[PDB]
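Residue numbers (PDB author numbering), protein chains in the order written: chain F, 43 to 167; chain D, 1 to 42, 45 to 57, 61 to 360, 369 to 441; chain E, 301 to 543.
Note that CB positions come from ideal geometry on N, CA and C, so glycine has one too.
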Ligand SMILES: Nc1nc2c(ncn2[C@@H]2O[C@H](COP(=O)(O)OP(=O)(O)O)[C@@H](O)[C@H]2O)c(=O)[nH]1
Ligand SMILES: [Mg+2]
């Protein structure tokens, strides 16, 4: 970690470095490592939309319902940006849908606050 | 108020710009050679606006940092008609970075563009204004475009600045820094352009998918709707009409407040690429399909906001009296969705010449407060990435301070709040 | 004054890889070359050498990038160095040093980014505090009649700044008085009657800041040619303006 708490896994999962992720995880890098803001490598992977990274993170036991300082879970971030394939994979690994951020808007309240007709279909199917 | 200088910047700018010049050159009876082969004289009545005299050449400037689209346009069907000297294309690209186009490598090329801009302006009897096509989610059209706007603004402070800005969406391009670029670009258009047509790609995609029933829409499927919409909103400018003749008269009728100059265009009927839709829709149909959300080029529900000003343009031989009855009806039957404190805010024009392929068409231009939904959508994606400062090193590495992101985010939310402010104002 | 400080010498510190780098087709080279001499040579000093040092060679390479460089980033860091020079070199910009940067700063007031307009104005203020109205007065009036609306409002605001801190030497008949109505009040009226509102708003202040210095009855003659409306916006600032 540095002055922010970011690990090589955070930054590899953020900027789509799959080969760097698979290697760090083979040699035992903490998947649930949080930075100073509570962001896990799964948070940043769901944010940028690296599907292959999101699955590899989960396959090593990634906390799928972790919360950062702002109260967002990887399901919130995969939804706000519209990475629908990642939205599915999270739910298929037990992503809780009722998580409320500091503002109180859940995953379904974000599919509504932006009128995402695509997301509303998957979010309850 | 006569001649209009057209500019296309970036990948998307030169794409929809070349497709727009194909459309109007045909409507004005101009073949790729530049010669006139039309029949009616109304085509040549106001050809001086977009074209120059030859021995007809478009008054268009083509800009991009990447020379890729330079050759894709010249290899196009109408690529031989543009002036060779009007191609201003740099060496390196923009990498879909607003800061590279606006601050770094676009500023190194912008002086070359203003030299071509000046050239086309000196040969104008009376320059009416400028017209820009670009994408807000890109790097060159977003970054270098807003720089070109602010540069033209300081050199031509008396001319209208009009833009055709397309909005990024996850349903099309998968680049994640597009909310950054669009937020930084909207932060410029709100303070530099006199009028801006919002062309949402999420709306264009939903139209090709849910209305034209195309499973996998391509950019040609999307740019077909853009060229049709651009041809309609420019009809009154190139054909001898009475209402909204020049750029300023249109802006004086459509922009009640300076920052609220973001228009929600519509068009009917929604045709496909080379399909069969012969039967010219009736006037009551053209009016119903004009005022719906399924024909808006912007992902906003007009039911969620109020229309400040409205400009409707009908094309084709039809009963002008039957048009007034319909345009009156939709107003007094949906009076809650029209601002009371602006009397006669809806204005309808008629043009005898239809677009090539149809007998009756109708183009909608609305200054609705529902356009805040579009900015709310972009502002949500912007903050989601910005809270984690993802990819910020792109823009800081090109000189931008982190504060510039906070300001552009703040001014966009101010623009949203203002659109809500007049959505709640009453008459009493 | 606390200006008994030892004058340090900084014209030696300039590395050989500078005049080549500051004249490069790569923006990074020009930005880094200006920034290093700003942060490492000009920043950690407070009193420069007034004698046996000709900074005019360095000042004109700053004006070249201020006026002509397209990289707005370098324009900012270069104008800051000008402000630092004339600050740390009190009573140095007699004529050549003051004029080598004045008109490039006025021309570059076109830039609208607040950080850049802040840097160029603060340097224009710093060159004015040591050259009150040498070239400034005569040269500032020229750029209030410039074609660009942005350089009109900024050069007009800049006169108000110098006009505010106008203490002169006295007793009377200074360069301002003999140009009061022949040129100065005429250039201000063009701003007062500009087509744009924010521009006129600058001239309203600038006119009211002028009536603050010279008796308000002395300028009642050009006041009557003005609209009764423009008279109330001018009297508006007269209550707020002082010095
Ligand atoms: N409708 C439409 N949108 C486009 C087209 N090309 C690019 N875009 C959009 O523009 C954005 C990328 O900007 P682009 O023009 O490629 O980068 P630029 O060259 O720096 O302006 C993406 O979000 C795309 O959705 C096009 O042909 N049609
Ligand atoms: Mg692209």
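Legend entry - C-alpha gap between residue 86(D) and residue 128(D), whole angstroms: 18 Å
Legend entry - Under 8 Å by beta carbon: chain D residues contacting residue 448(E): Annotation: Cβ neighbours of residue 448(E) in chain D (cutoff 8 Å, chain order): 159, 160, 162.
Inset, instruction - Could you please give the first and the last residue of the uninterrupted beta strand (DSSP E) stretch that includes residue 7(D)? - result: 3-9
Legend entry - Boundaries (first-last residue) of the beta strand (DSSP E) holding residue 201(D): 200-205
Legend entry - Extent of the continuous beta strand (DSSP E) to which residue 538(E) belongs: Unbroken run through residue 538(E) is the alpha helix (DSSP H), 528-540; no beta strand (DSSP E).
Legend entry - Inter-stretch contact at 8 Å, needing at least 3 Cβ pairs: the stretch 417-432 of chain D / the stretch 199-212 of chain D: no
Inset, instruction - List the whole-angstrom C-beta distance separating residue 379(D) from residue 269(D), where the pair is believed to meet the contact cut-off of C-beta under 8 Å. - result: 5 Å
Legend entry - Proximity test, residue 25(D) beta-carbon vs ligand 2 heavy atom, cut-off 7 Å: Between ligand 2 and the CB of residue 25(D), the shortest heavy atom gap is not smaller than 7 Å.
Inset, instruction - Check the DSSP bridge columns for residue 165(D) and list the partner residues they point to. - result: Per DSSP, 134(D).
Inset, instruction - Could you tell me if residue 192(D) is buried or exposed, where buried requires 16 or more neighbouring beta carbons within 10 angstroms of its beta carbon? - result: buried
Inset, instruction - Indicate, with yes or no, if ligand 2 has a heavy atom lying under 7 Å from the CB of residue 178(D). - result: yes
Inset, instruction - Pull up the distance between the alpha-carbon of residue 512(E) and that of residue 465(E), whole angstroms please. - result: Rounded to the nearest angstrom, the two C-alpha atoms are 12 Å apart.
Legend entry - Range of the contiguous beta strand (DSSP E) that encloses residue 324(E): Per DSSP, residue 324(E) is not a residue of any beta strand (DSSP E), being assigned neither H nor E.
Inset, instruction - Sort 221(D), 64(D), 135(D) by Cα distance to residue 25(D) and report the nearest one. - result: In terms of CA proximity to residue 25(D), 64(D) leads the group 221(D), 64(D), 135(D).
Legend entry - Classification of residue 283(D) by the beta-carbon crowding that lies within 10 angstroms, buried from 16 upward: exposed
Inset, instruction - State yes or no: is the C-beta of residue 222(D) nearer than 7 Å to some heavy atom of ligand 1? - result: no
Inset, instruction - Quick one: list the residues of chain F neighbouring residue 397(D), beta-carbon separation under 9 Å, in chain order. - result: For residue 397(D), the neighbours in chain F by C-beta distance under 9 Å run, in chain order, 89, 114, 118, 119, 122, 123.
Legend entry - Backbone secondary structure at residue 416(D) - three-state DSSP: helix
Legend entry - Residue-level contact to chain E via CB, residue 109(D), 8 Å cutoff: True, the Cβ-Cβ gap to chain E drops below 8 Å.
Inset, instruction - For chain D, find out if any of its Cβ atoms is closer than 8 Å to the Cβ of residue 86(F); answer yes or no. - result: yes
Legend entry - Close beta carbons around residue 488(E), own chain, < 6 Å, minus the five adjacent residues each side: Answer for residue 488(E): 503, 506, 507, listed in chain order.
Legend entry - Reduced DSSP category for residue 313(D) - H, G, I as helix; E, B as strand; rest coil: strand
Inset, instruction - Out of 344(D), 429(D), 358(D), state which residue places its alpha-carbon closest to the alpha-carbon of residue 386(D). - result: The residue with the shortest Cα to Cα distance from residue 386(D) is 429(D).
Inset, instruction - Excluding the 5 residues preceding and the 5 following residue 255(D) in the sequence, name in chain order all residues of the same chain whose CB lies nearer than 6 Å to its CB. - result: 249
Inset, instruction - Spell out whether any CB of chain E is found under 8 Å from the CB atom of residue 195(D). - result: no
Legend entry - Helix, strand or coil at residue 398(D) according to DSSP, with G and I counted as helix: In this structure, residue 398(D) counts as helix in the three-state DSSP scheme.
Legend entry - Neighbourhood of residue 224(D) by C-beta, 8 Å cutoff - its chain only, sequence neighbours within 5 removed: 15
Inset, instruction - For residue 354(D), decide whether its Cβ has a neighbour in chain E, counting only Cβ atoms nearer than 8 Å. - result: no
Inset, instruction - Helix, strand or coil for residue 63(F), going by three-state DSSP, please let me know. - result: helix
Inset, instruction - Please check the pair residue 93(D) and residue 121(D), which I expect to be a contact at CB under 8 Å, by giving their CB distance rounded to whole angstroms. - result: For residue 93(D) against residue 121(D), the beta-carbon gap comes to about 6 Å, under 8 Å, which counts as contact.
Legend entry - Assigned exposure category for residue 543(E) - 16 Cβ within 10 Å defines buried: exposed
Legend entry - Residue-chain proximity (residue 153(F), chain D), Cβ-Cβ < 8 Å: no
Legend entry - At least 3 beta-carbon pairs within less than 8 Å: the stretch 115-122 of chain F vs the stretch 207-216 of chain D: no
Legend entry - Contacting residues, own chain, Cβ-Cβ under 7 Å from residue 288(D) (five flanking each side not counted): 323, 324, 327, 328, 331
Inset, instruction - May I ask whether a heavy atom of ligand 1 can be found less than 7 Å away from the beta carbon of residue 522(D)? - result: Not covered by the structure: residue 522(D). The range shown for chain D is 1 to 441.
Inset, instruction - Could you tell me the distance, in whole angstroms, from the CA atom of residue 167(F) to the CA atom of residue 153(F)? - result: Looking at the two C-alpha atoms, the distance is approximately 14 Å.
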